[PDB]
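Take a look at this single chain, the form deposited in one PDB entry, given in structure tokens.
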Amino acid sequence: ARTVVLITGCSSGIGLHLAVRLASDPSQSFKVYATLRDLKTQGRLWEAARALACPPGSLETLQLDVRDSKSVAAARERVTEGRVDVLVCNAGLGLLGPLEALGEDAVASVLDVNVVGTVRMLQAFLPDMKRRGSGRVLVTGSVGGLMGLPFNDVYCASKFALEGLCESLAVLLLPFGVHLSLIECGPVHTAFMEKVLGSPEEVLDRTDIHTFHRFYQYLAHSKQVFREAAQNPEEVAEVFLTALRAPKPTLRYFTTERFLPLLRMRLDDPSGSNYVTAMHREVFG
């Protein structure tokens, strides 16, 4: 009867806010399974659930490690209703710093969670939706998935990957009645460092002095972009709802038009020369 929704990465940010937005919806039409990698981080979720007074049984927490298919299979199994009407692939890791300063482990982790982890969720949940000829999948994208940002080389690699992943799939799913949609967010309030980097001593030991200088410049710039452009996760969460209510969802939703013009010069110069120059002066003056 209710729309069963399964969301990944609900310890914070978009995922946590989206879970509570849905479970507490005045209409009581959503049954929400908020998954989290470690159950010890579930308190912020329950505290938000109490604030928005989610009624008993509208929200459940599941431990789900997207880097593990047995974990993915186990949470799938936990879906009491026997079907998921809306799957939200939200789990994600950030990674910021000079390429040469990133640990191999850190690099592999990011793609394993952002990319292979989404592939796992889709392998486990699409089969059933295709069968029923129904279901919606929302994947949280990023402006960094649409244009390259310096010092976010690997993060962007993973976000650009999701675009390719979802776009290829969408061309196939079109006739199965299964809708997949990317929600492209610009910066969103509630974070730290920006994503994840190392101490300046760590980064200095791992890079040249000039790249180290550039990094600082990028960080100062990003901090200002967040200050003047960051959105409340409440406003971003509502975009996920606009997408899931669309009788005919598009492949892509943007939570803001703020980056569209920059996305435009990128789109209008296939060679990438205009964007690289524009983004260079935009960050490094």
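Shifts are known only where both forms have a C-alpha. Each residue number is its position in the shown sequence, starting from 1. Just so we're on the same page, rigid core means the largest C-alpha set that superposes within 1.5 Å between forms.
Below: the form deposited in another entry, not depicted.
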Of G198, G186, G148, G94, Cα shift of 2 Å or more between the shown form and the other one on rigid-core superposition seen only for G198
One pair moves by 3 angstroms or more in the other form: the C-alpha atoms of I209 and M193, which are farther
Taking the shown form as reference, the Cα pair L197 and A230 shifts by 3 Å or more in the other form and sits closer
Rigid-core overlay between the shown form and the other one puts runs of three or more residues with Cα moved 2 angstroms or more at 191-199
